[PDB]
Amino acid sequence: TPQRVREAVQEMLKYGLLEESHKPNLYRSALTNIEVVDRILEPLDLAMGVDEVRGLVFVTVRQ
Amino acid sequence: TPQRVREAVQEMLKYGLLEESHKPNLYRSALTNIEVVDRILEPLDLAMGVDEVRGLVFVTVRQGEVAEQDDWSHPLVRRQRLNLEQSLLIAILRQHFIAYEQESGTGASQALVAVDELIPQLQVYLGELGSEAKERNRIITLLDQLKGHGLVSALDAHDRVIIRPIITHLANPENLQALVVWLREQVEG
């Protein structure tokens, strides 16, 4: 598991959201690794939602 | 991922610890899945400690490949640090817990200590205040601050407090040795 992917996952789980204007590196890491983030968050019953209009990465309770 | 594993991990993260005497099923679910929980918590820089003698499952900050981390700069840590007065009170509570545990056998019990018993022992170190009310309020404030870290419980109607078992892992001989070395360095300069 890449270090950048782990850092982005930690930041997303902590702050609950990711913005490209604030953290371009984590946003790019998570945007290009959507399948990786989904696989990571599946055991936690969580899913990642992406709004590329505003560069907003959020978490939703998958069900 | 099994439902029991996810539920146990989420509950343990929510509360910070799992005790068999309170949550036996969750304790059984988490104890038999050491590798699964380790894999789950590895990306989050967290680790699981198990004490089957005391039947406790606790969560600690995983040690990365850094010589000094201070163990408080982790983003998910919300607790504040511990000063000398709280540390001395914790040491007193650990001595009392050792006394309670040595004369203990088969059966379920808890470590209960009254405030008035602890009053003179801490008076020996800190000193003596003019009024008993001032000392009692100081003790109450210290106990409340320590309860904010999940080490004791709320005072009962008979002026007693219950010591949580986690202090045993908080006051392990390695941490005690580190604190003793640090205090020795502080006093000598």
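Everything in this summary refers to the structure shown in the same document.

A look at the sheet that holds strand β1 (residues 17-19) of chain A
What links the strands of a sheet is backbone hydrogen bonding, and the strands pair in either a parallel or an antiparallel sense.
All names here are of chain A.
Part 1 of the argument: Judged by pairing direction, the sheet is antiparallel, and its 3 strands sit side by side in the order β1-β3-β2 without closing on themselves. The open sheet is flanked by β1 and β2 (47-51), the only strands paired with a single partner. Each adjacent strand pair in this sheet contributes to an overall mean axis angle of 20°, direction not counted.
Part 2 of the argument: Note that β2 and strand β3 (residues 56-60) share 5 bridges and pair antiparallel.

Re the interface of chain B and chain A
Part 1 of the argument: If you look at the interface, chain B gives 10 residues, while chain A gives 8 residues.
Part 2 of the argument: Here chain B packs against chain A, burying approximately 900 Å² in sum over the two surfaces, 54% of which is carbon and sulfur.
Part 3 of the argument: Of all residues in chain B, B:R6, B:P43 and B:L44 bury the most surface against chain A, accounting for 43% of the area lost on that side.
Part 4 of the argument: Of the charged contacts, one joins A:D45 and B:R6 as a salt bridge, the two residues approaching to 2.5 Å between their closest N and O atoms.
Part 5 of the argument: Split into classes, the residues belonging to the side of chain B that touches chain A amount to 5 nonpolar, 2 polar and 3 charged.

Some remarks on the packing of aromatic side chains
When we look at a pair of aromatic rings, we describe it by the centre distance and by the angle of the planes.
Part 1 of the argument: Counted according to the given criterion, the structure contains 1 aromatic pair over all chains.
Part 2 of the argument: The ring of B:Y15 has B:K23 lying over it, and the distance from NZ or CZ to the ring centre is 3.9 Å.

Digging into the pattern of salt bridges
Residues and elements named next belong to chain A.
Part 1 of the argument: Under the definition given, this model contains 11 salt bridges over all chains.
Part 2 of the argument: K23 serves as the salt-bridge partner of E11, at 3.3 Å between the closest nitrogen and oxygen. Here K23 lies in the loop between β1 and α2 (24-31) and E11 lies in helix α1 (residues 3-15), a separation of 12 residues in the sequence.
Part 3 of the argument: Residue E11 is classed as buried on the basis of its relative accessible area of 13%.
Part 4 of the argument: The partly exposed category is assigned to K23, whose relative accessible area is 24%.

Brief notes about the nonpolar core
Residue and element names in this part refer to chain B.
Part 1 of the argument: One finds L89, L93, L122, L143, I163 and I167 to be the most contacted residues of the largest nonpolar core, which totals 24 residues.
Part 2 of the argument: Secondary structure elements with two or more residues in this core: β3 (56-61), α4 (84-102), β4 (111-114), α5 (115-126), α6 (132-147), β5 (160-163) and α7 (166-170).
Part 3 of the argument: By residue number, the principal contributor to this core is α4, which donates 5 residues.
Part 4 of the argument: Excluding residues that lie within four positions of it along the chain, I167 makes contacts with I90, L93, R94 and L151.

About the thresholds
- Residues numbered from 1 in each chain as written, not as in the entry; some residues may be left out.
- Chains lettered and ligands numbered in written order.
- Part of a larger assembly, values for the part shown.
- Heavy atoms only, no water.
- Pairing = 2+ DSSP bridges.
- Helix = DSSP H or I, 4+ residues; strand = E, 2+ residues; numbered from the N terminus.
- Axes fitted to C-alpha atoms, helices over the stretch in contact; angles between N-to-C directions.
- Contact = heavy atoms within 4.5 Å.
- Buried area = accessible area lost by both parts, 1.4 Å probe.
- Salt bridge = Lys/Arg side-chain N within 4 Å of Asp/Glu carboxyl O.
- Nonpolar A, V, L, I, M, F, W, Y, C, P; charged D, E, K, R; others polar.
- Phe/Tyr/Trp six-rings, centres within 6.5 Å; stacked < 30°, edge-to-face > 60°.
- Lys NZ or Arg CZ within 6 Å of the ring centre and 35° of its normal.
- Buried < 20%, exposed > 50% of the residue type's maximum accessible area, 1.4 Å probe, protein only.
- Core = buried A, V, L, I, M, F, W, Y, C linked by side-chain atoms within 4.5 Å.

Nothing here speaks to function; it is all geometry.
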